[PDB]
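Below sits a lone chain in structure tokens, taken as the form deposited in one PDB entry.
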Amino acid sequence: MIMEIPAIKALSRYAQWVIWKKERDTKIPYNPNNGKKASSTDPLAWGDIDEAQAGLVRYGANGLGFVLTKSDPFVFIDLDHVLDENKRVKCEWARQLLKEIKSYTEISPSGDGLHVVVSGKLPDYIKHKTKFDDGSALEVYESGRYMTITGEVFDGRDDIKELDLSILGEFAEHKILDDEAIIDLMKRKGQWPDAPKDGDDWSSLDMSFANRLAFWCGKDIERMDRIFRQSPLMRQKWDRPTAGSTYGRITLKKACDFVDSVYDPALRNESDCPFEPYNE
């Protein structure tokens, strides 16, 4: 019946279909024609809907997916954790968005979220993902991402509409070596920390990690802070005030004074690191 849905017929015009399978907390896209993992940039890693349907039964994947590209007219709106046990809307921001963006709406594969597919253009001043105290979240994309396709039409909104999307500025938040290269470096050296366990002195885990950051970041405390905030050791205590500074700032400053040598990107003195790798 999926091809009966007018919105699915609209998506089936494009050979931008994939299949996906649940891997722990994630949904990995796969090439429907050979079962290999699919890039979101390689068009020949995708197929048309017929090939996606066949690959779905062949590899026993969880469902269909559609890769969004710049040239196609579709915008993908991801609403997470906005539904009831009854698959009923419980978040007021999601209820207001649905009142102002009436287009194809389907229930996401976890049963507690929603997808809205619209024809239009995203405002250029909004974040891709917005998280709310609620625990729900709003995620919007028009290219460089795939979306799962369920066909579970919500409220009979089964047609992709052409709508203005300037209204999304009322829901999403606004926005105006490198860190990622350093993070990958520390991971390959095994200097990236695990999440703390039961009975772990978190504060000394912070200090050990801060000492490693001082070396690999060249004692650039701003970069040390940006990288720490993306680590499994980040918590609210990092920004709690303490003696006219923050706990995180005092930790990073003590690491900068404690640590002797530094990693020089031009000298590649990875062997000068004084700390053994984290065990596994």
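We call the rigid core whatever largest set of C-alpha positions still superposes within 1.5 Å between the two forms. Counting begins at 1, following the sequence as shown. Residues that one form lacks are left out of the comparison.
Quiz item: According to the PDB entry, how many deposited residues between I176 and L177 are absent from the model (none, 1 to 3, 4 to 9, 10 or more)?
Solution: The entry has a long gap there, with 10 or more residues left out between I176 and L177.
Quiz item: Comparing 75-83 with 194-202, which stretch shows the greater average C-alpha B-factor in the deposited entry?
Solution: Taking the mean B-factor of the alpha carbons in each, 194-202 is higher.
Quiz prompt | Per the entry, higher mean C-alpha B factor between 16-24 and 264-272 | solution = For C-alpha atoms only, the mean B-factor is higher in 264-272.
Self-check item: Which of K189, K131, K121, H128 ranks first by CA B-factor in the deposited coordinates
Solution: Among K189, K131, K121, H128, the PDB entry lists the largest C-alpha B-factor for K189.
Exercise. Going by the CA temperature factor in the entry, name the top one among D158, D164, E180, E139.
Key: Spelled out: the listed residue with the top C-alpha B-factor is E180.
Practice problem: Within this chain's modelled residues, let me know which third the CA B factor of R145 belongs to: lowest, middle or highest. | Solution: It belongs to the lowest third of the chain when residues are ordered by C-alpha B-factor.
Quiz item: Lowest, middle or highest third: where is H115 by Cα B-factor in its chain?
Solution: It falls in the bottom third of the chain.
Quiz item: Where does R240 sit by CA temperature factor within its chain: lowest, middle or highest third?
Solution: Lowest third - that is where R240 ends up once the chain's C-alpha B-factors are sorted.
Exercise. Rank-wise, by C-alpha B-factor, drop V57 into the lowest, middle or highest third of its chain.
Key: Highest third, going by the recorded CA B-factors of the chain.
Quiz item: Taking the C-alpha B-factors as the PDB entry records them, is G169 in the lowest, middle or highest third of its chain?
Solution: Within its chain, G169 is a lowest-third residue by C-alpha B-factor, going by the deposited values.
Below: the form deposited in another entry, not depicted.
Quiz item: Which one of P73, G111, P193, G169 is the only residue whose C-alpha moves by 2 Å or more between the shown form and the other one, after superposing on the core?
Solution: Everything else stays below 2 Å; the exception is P193.
Quiz item: Honestly, after the rigid core fit, is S208 moving at least 2 Å at Cα between the shown form and the other one?
Solution: It does, since the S208 C-alpha is displaced 2 Å or more between the shown form and the other one after the core fit.
Quiz item: So with the core overlaid, does the Cα of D220 end up 2 Å or more away between the shown form and the other one?
Solution: Yes, the C-alpha position differs by at least 2 Å between the shown form and the other one.
Self-check item: Large Cα move at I8 between the shown form and the other one, threshold 2 Å, rigid core
Solution: No, because once the rigid core is superposed, the C-alpha of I8 moves less than 2 Å between the shown form and the other one.
Quiz item: Core fitted, what stretches of 3+ consecutive residues have C-alphas moving by 2 Å or more between the shown form and the other one?
Solution: Once the cores are aligned, run 177-278 is the only one whose C-alphas move by at least 2 Å.
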